[PDB]
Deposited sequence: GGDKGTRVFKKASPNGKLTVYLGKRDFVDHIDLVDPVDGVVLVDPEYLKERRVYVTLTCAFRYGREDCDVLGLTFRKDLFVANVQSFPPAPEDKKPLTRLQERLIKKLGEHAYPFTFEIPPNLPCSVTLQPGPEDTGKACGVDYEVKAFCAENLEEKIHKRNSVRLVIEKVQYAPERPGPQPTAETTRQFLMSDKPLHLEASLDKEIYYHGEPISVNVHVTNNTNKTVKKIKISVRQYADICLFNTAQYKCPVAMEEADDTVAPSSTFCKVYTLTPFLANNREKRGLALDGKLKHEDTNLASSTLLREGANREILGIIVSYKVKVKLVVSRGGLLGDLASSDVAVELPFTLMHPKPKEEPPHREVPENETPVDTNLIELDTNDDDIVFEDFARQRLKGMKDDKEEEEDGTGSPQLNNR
């Protein structure tokens, strides 16, 4: 296998992280396990400290005219890498044990355990004119050297190896999304059934979505157009809970349903980024600068847990709405993310 080894500007610190992307199981998040190769002769007085900080960048500026930092550490853990502390001792994994053998005694292992119910690696799409670091949650194992944690972290000794906490699709398929909204107009005084539904709940990125819109308009009023919008709701709860909506795919069909008539159409849509790159504030998946960033994967939150979680929590729902001579609307939620890569 291979191990990603990012080195510090000076070159003394080199963190050997086995993988830059860690599968996110809602039941038990995987550990960020690695070893830091340092020279025992160098920094004889200081102590190598590694920290896995989940910095949520809400502003695209490291510093501004006011001096306020525009990055909040939602989850920051500090473990003493060298010298090994008896209290911080952890059972070395197969990856860590193999790395220490290859590197030798000069290398010291470090392990982390990301608590569950945390935001995944999501990046707010910066516009084409935007200049600066992309916003969103990003995990990074900053390996620095300092006598204490509160001491200024010199960038020459730091190792900012940004990683991504990606969440793939579950092995079990979800229930068929189904939602029906009936609106009764005062003048018409008759129901307007909109029994739209999806073929499946788990959709792979780039896979077409088939919305079986089944309209049964019994009211005298007729629908002029059928607008299906795949609204991406980013539940950002950093300071104040706010659901930011961004349409990633809109289909406005000029299909009219005469009064006292039924309708049934399977609209095929596909959430893609090629057209949504102009959209500002869109939540994209958190990937490395080299790898291409796709649409943010739907965060699978723990059932029966806190509804508010700091960071970006994207949720996709197709909004099948019919405009009438007010308008009817119904939201069918669905989870959009990649499947677990098969390994053997």
Practice task
Could you list the ranges of the deposited sequence that have no C-alpha atoms in the model?
Solution key: 1-5, 331-340, 360-418
